[PDB]
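Undergrad: Once you've seen the sequence and the experimental structure below, I've got questions.
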Amino acid sequence: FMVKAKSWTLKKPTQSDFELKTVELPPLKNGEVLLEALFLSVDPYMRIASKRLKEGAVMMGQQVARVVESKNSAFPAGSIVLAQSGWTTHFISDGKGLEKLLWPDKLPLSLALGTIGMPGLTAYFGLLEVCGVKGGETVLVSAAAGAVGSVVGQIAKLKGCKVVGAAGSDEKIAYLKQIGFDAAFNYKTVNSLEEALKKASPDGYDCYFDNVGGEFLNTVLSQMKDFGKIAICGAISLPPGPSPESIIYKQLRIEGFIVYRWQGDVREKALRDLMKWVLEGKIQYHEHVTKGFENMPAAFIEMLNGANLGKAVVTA
Amino acid sequence: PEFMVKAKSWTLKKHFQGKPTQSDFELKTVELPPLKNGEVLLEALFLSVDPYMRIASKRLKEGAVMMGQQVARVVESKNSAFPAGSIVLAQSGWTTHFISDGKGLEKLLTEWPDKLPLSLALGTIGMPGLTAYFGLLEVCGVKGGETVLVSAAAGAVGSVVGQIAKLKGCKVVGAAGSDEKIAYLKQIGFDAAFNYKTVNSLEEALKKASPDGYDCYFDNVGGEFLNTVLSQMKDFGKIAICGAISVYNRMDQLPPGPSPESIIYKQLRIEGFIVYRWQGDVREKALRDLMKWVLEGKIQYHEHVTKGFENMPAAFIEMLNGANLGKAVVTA
Ligand SMILES: [Cl-]
Ligand SMILES: [Cl-]
Ligand SMILES: [Cl-]
Ligand SMILES: [Cl-]
Ligand SMILES: [Cl-]
Ligand SMILES: [Cl-]
Ligand SMILES: [Cl-]
């Protein structure tokens, strides 16, 4: 009985720019493993990475998958792994891009795609290393209700900082207050972004974890404390020019970073911290689940437009 | 026999709207009162015009004297701390003469070497030279071997940056505003230099000057140029934001900003700084280093001297255009 792998290829975002292809996978050769997707991730970074993706190719992505059949002793049948296999239901691998797992049974495996995964790590190094928080600071976080934002705010809180979050809906604002943000506002409905930031924090901000860029970032600059630090993580919002006056006179430090910069022991340690914090209830998690591999492009679309509260996860 | 002194001062007649013009200034002449005990009468010898004045002027009240530092001689004194004849650096603004009770008088230039023009105290061995020293050595944080790019390379700051970089064993590329400036930069030691105002492609000029890209960008210009430089930075590259001359005349209508994608993927570090950050012994050490370097010939200098106090506004306008080669200095 042969297995049929369904994959989402980039046709030309909108549904029409995605095309599902089906292929019968060949038998396993020695050293290979047959994997079945359990939970697939859709992330903001994909919209950009789609660039060098020649049409017809399977979309890039990470997923949590189970080993169904195996001829690889490192990955026995029944094993659960993290793979960079892209948007596909089944795939064959010689073990190249796979990471081990089964991890407390009480934690859903899909957390390895979010809070105890890439987004969680982005939040961790972004806040603890780029911003360099040590406690007592006032931290601003944009797209605060997203996968990265939600973690940044909760880590800031456990480190004893005052935390302000900017999100895209009133539903999200209630959520942020629920996970511990000291202040939270809908940046889309502000009368004055400048005054909202002032209201949120009269004395300004020590660190700004940026996921939006553009106008938001520019306005934030004027409210940074001297020697303030801005960690450029993403830019969901051509952006208007920043004021040189603020950067120079307040002597601000702006640094862009990619989570992949940190590897080895430091990365392993950060994942243990993230898992520990989740087990201690210090970092609550929420996954916006879309059921059905057939609904992945839609899930991807829904996420990009901000209809997602927390980590976007698609179940096979 | 008391003869009165008349002080001439350049006042900001109207706040700058876009590029400053002669009509924005108004010369005033005033009869100075006699000195009271504890006061001193100073006569400007050399006056400075600097990029920061374009922005600092926004805080002035119309009719006020333009701000600025100058080297002045104490003509008469009733203040024991400033004897008649002494030379001082003072923040008295654009004025030929002024009375001070000690306020504004930053320091005596008593130990100054005669072979060095006093105006170097306003440039290479002054604020611009300090800005370059700390911007390069502390912000860019060079250790040697890096490839440094500096905009407005032939200006007061840029000229010093490139020279200190060279003594530190760095490769230096200068983006200057004229062909004469290119020749000058090469003569003082820059490894490469191009005219960013005439080169067909800024991208190709940067690539040609350094195929492997840049470790630090000492930014004096900002704007479109800065945005273009980001694509040429090496991963983890550092950009020291010193000034933004290309946008000082359009702070209310700024051009598009830098690519978030370049900053993120190249993982760049941008830091603004002002020379005020370094005070005390650290600043004194820098000044001593700057003077030693100038006396030894390791740091060459050129002053862009405009003769006559009545030409100060034009000197300021020219410098703002980035057209001065070396420190813009006005002789009274
Ligand atoms: Cl199985
Ligand atoms: Cl959000
Ligand atoms: Cl997400
Ligand atoms: Cl003005
Ligand atoms: Cl006014
Ligand atoms: Cl120049
Ligand atoms: Cl100058």
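TA: Noted; the coordinates are in hand. Numbering: from 1, shown residues only, chains lettered A, B, ... in the order given. Ligands and ions are numbered 1, 2, ... in the order given.
Undergrad: going forward, measure contacts and count neighbours with C-alpha atoms only.
TA: Fine.
Undergrad: care to break chain A down by domain?
TA: Residue ranges of the domains in chain A are recorded as A:1-114+A:286-316, A:115-285, according to curated CATH domains.
Undergrad: so where does residue A:40 fall, helix or strand?
TA: Residue A:40 is part of strand A:33-41, with elements assigned from DSSP states H and E.
Undergrad: next one: the helix or strand just after that strand to chain centre, how far?
TA: Counting by DSSP H and E, the element after strand A:33-41 in chain order, helix or strand, is helix A:45-49. Chain-centre distance of helix A:45-49: 12 Å, with Cα atoms, centre = their mean, to the nearest Å.
Undergrad: go on, stretch A:31-51?
TA: A distance of 13 Å separates the centroid of the chain from that of stretch A:31-51, by Cα atoms, centre = their mean.
Undergrad: Quick check: buried residues in that stretch?
TA: Neighbour-count burial for stretch A:31-51 flags A:32-44 (criterion: 16 or more other Cα atoms under 10 Å in any protein chain shown).
Undergrad: Now for those residues: which two are most distant?
TA: Across those, no pair lies farther apart than A:32 and A:44, at 31.0 Å, counting by Cα to Cα.
Undergrad: Can you show me the helices along the stretch 201-316 of chain A?
TA: Secondary structure of the stretch 201-316 of chain A (DSSP state H, counting those that start in this stretch): helices located at A:214-221, A:244-249, A:265-279, A:296-304.
Undergrad: Name the residues that touch the second one?
TA: Residues outside helix A:244-249 that contact it (Cα atoms under 8 Å, 6 or more residues apart in numbering or on different chains) are A:221-222, A:226, A:252-253, B:222, B:241-244, B:271-274.
Undergrad: Tell me how far residue A:234 lies from ligand 7.
TA: Distance from residue A:234 to ligand 7, counting by Cα to the ion, to the nearest Å: 38 Å.
Undergrad: tell me the contacts of that residue?
TA: Applying Cα under 8 Å, 6+ apart as the definition, the contact partners of residue A:234 turn out to be A:210-213, B:260-261, B:264.
Undergrad: Any chance of JSON lines for those, columns distance to ligand 5?
TA: Conversion of the contacts of residue A:234 to JSON lines gives the following (distance: Cα to the ion, whole Å):
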{"residue": "A:210", "distance to ligand 5": "36"}
{"residue": "A:211", "distance to ligand 5": "39"}
{"residue": "A:212", "distance to ligand 5": "36"}
{"residue": "A:213", "distance to ligand 5": "34"}
{"residue": "B:260", "distance to ligand 5": "37"}
{"residue": "B:261", "distance to ligand 5": "40"}
{"residue": "B:264", "distance to ligand 5": "41"}
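Undergrad: for those residues, which one is nearest ligand 3?
TA: residue A:211 (12.3 Å; Cα to the ion).
Undergrad: Next to ligand 3, which bits of chain A? Give me the list.
TA: Counting by Cα under 5 Å from the ion, the residues of chain A lying close to ligand 3 are A:43, A:311-312.
Undergrad: If we use 8 Å, what do you get?
TA: Counting by Cα under 8 Å from the ion, the positions of chain A adjacent to ligand 3 are A:41-44, A:114, A:119, A:146-148, A:303, A:308, A:310-313.
Undergrad: tell me, which of the residues you listed make contact with ligand 2?
TA: Of the entries in the residues of chain A next to ligand 3, the ones placed beside ligand 2 under the rule of Cα under 8 Å from the ion are A:146, A:308.
Undergrad: Narrow the residues of chain A next to ligand 3 to those that are buried.
TA: A residue is treated as buried here by neighbour count (16+ other Cα under 10 Å); on that basis the buried members of the residues of chain A next to ligand 3 are A:41-44, A:114, A:119, A:146-148, A:303, A:308, A:310-313.
Undergrad: so what's residue A:110 up against?
TA: A:39, A:64, A:313.
Undergrad: who does the first one bridge with?
TA: Partner residues in beta bridges with residue A:39: residue A:64, residue A:315, with DSSP bridges as the criterion.
Undergrad: my guess is it meets residue A:316, correct?
TA: Yes: in this structure, residue A:39 sits in contact with residue A:316. The criterion is Cα atoms under 8 Å, and the distance is 6.1 Å.
Undergrad: Quickly find the element holding residue A:171.
TA: Residue A:171 is part of helix A:170-178, with elements assigned from DSSP H and E.
Undergrad: And for that helix, what's in contact with it?
TA: The contact list for helix A:170-178, computed with Cα under 8 Å, 6+ apart, reads A:144-145, A:150, A:165-167, A:183-186, A:309.
Undergrad: Repeat the analysis, applying 7 Å as the threshold.
TA: Outside helix A:170-178, the residues within contact range by Cα atoms under 7 Å, 6 or more residues apart in numbering or on different chains are A:145, A:167, A:184-186, A:309.
Undergrad: Also stretch A:80-96?
TA: When contacts are defined by Cα under 7 Å, 6+ apart, stretch A:80-96 is touched by residues A:5-8, A:31-37, A:58-67, A:97-102, A:316.
Undergrad: hang on, the earlier thing: pick the one among the contacts of helix A:244-249 closest to ligand 2.
TA: Distance ranking of the contacts of helix A:244-249 against ligand 2, using Cα to the ion, places residue A:221 first at 19.8 Å.
Undergrad: Now do the same contact list for that closest one.
TA: Contacts of residue A:221 were listed using Cα under 7 Å, 6+ apart, and they are residue A:246.
Undergrad: ok, now how distant is it from ligand 6?
TA: Using Cα to the ion, which is the criterion applied here, residue A:221 is 29 Å from ligand 6.
Undergrad: what's the neighbour count on whichever residue of the stretch 1-150 of chain A sits closest to ligand 4?
TA: At 32.8 Å from ligand 4, residue A:140 is the closest residue in the stretch 1-150 of chain A, using Cα to the ion. Neighbour count for residue A:140, taken as other Cα atoms under 10 Å in any protein chain shown: 30.
Undergrad: Residue A:300 too?
TA: Here the number of neighbours of residue A:300 (other Cα under 10 Å) works out to 24.
Undergrad: Chain neighbours aside, what residue packs nearest to it?
TA: Taking Cα to Cα, 6 or more residues apart in numbering or on different chains, and ignoring the residues beside it in sequence, residue A:300 has residue A:42 as its nearest neighbour in space, at 5.5 Å.
Undergrad: buried set for stretch A:239-248?
TA: Buried positions in stretch A:239-248, judged by neighbour count with 16+ other Cα under 10 Å: A:239-248.
Undergrad: Contacts for the one helix or strand residue A:152 maps to, please.
TA: In the assignment (DSSP H and E), residue A:152 maps to helix A:147-158. If you take Cα under 7 Å, 6+ apart as the criterion, helix A:147-158 is touched by A:114-115, A:119-120, A:122-124, A:127, A:141-144, A:163, A:180-181, A:282-283, A:310-311.
Undergrad: show me the contacts for residue A:130.
TA: Under the criterion of Cα under 7 Å, 6+ apart, the contact partners of residue A:130 comprise residue A:231.
Undergrad: Now it: phi and psi?
TA: Dihedral angles phi and psi of residue A:130 (degrees, to the nearest 10) take the values phi -70, psi -50.
Undergrad: Check whether the residue nearest the centre of chain A sits in a helix, strand or coil.
TA: For chain A, the residue whose C-alpha lies nearest the mean C-alpha position (Cα atoms, centre = their mean) is residue A:119; its distance is 3.2 Å. For residue A:119, the assignment made with DSSP: H, G, I helix; E, B strand; the rest coil gives helix.
Undergrad: Nearest residue to it in space, ignoring adjacent ones along the chain?
TA: Spatially, and ignoring its direct neighbours in sequence, residue A:119 is nearest to residue A:148 (4.9 Å; Cα to Cα, 6+ apart).
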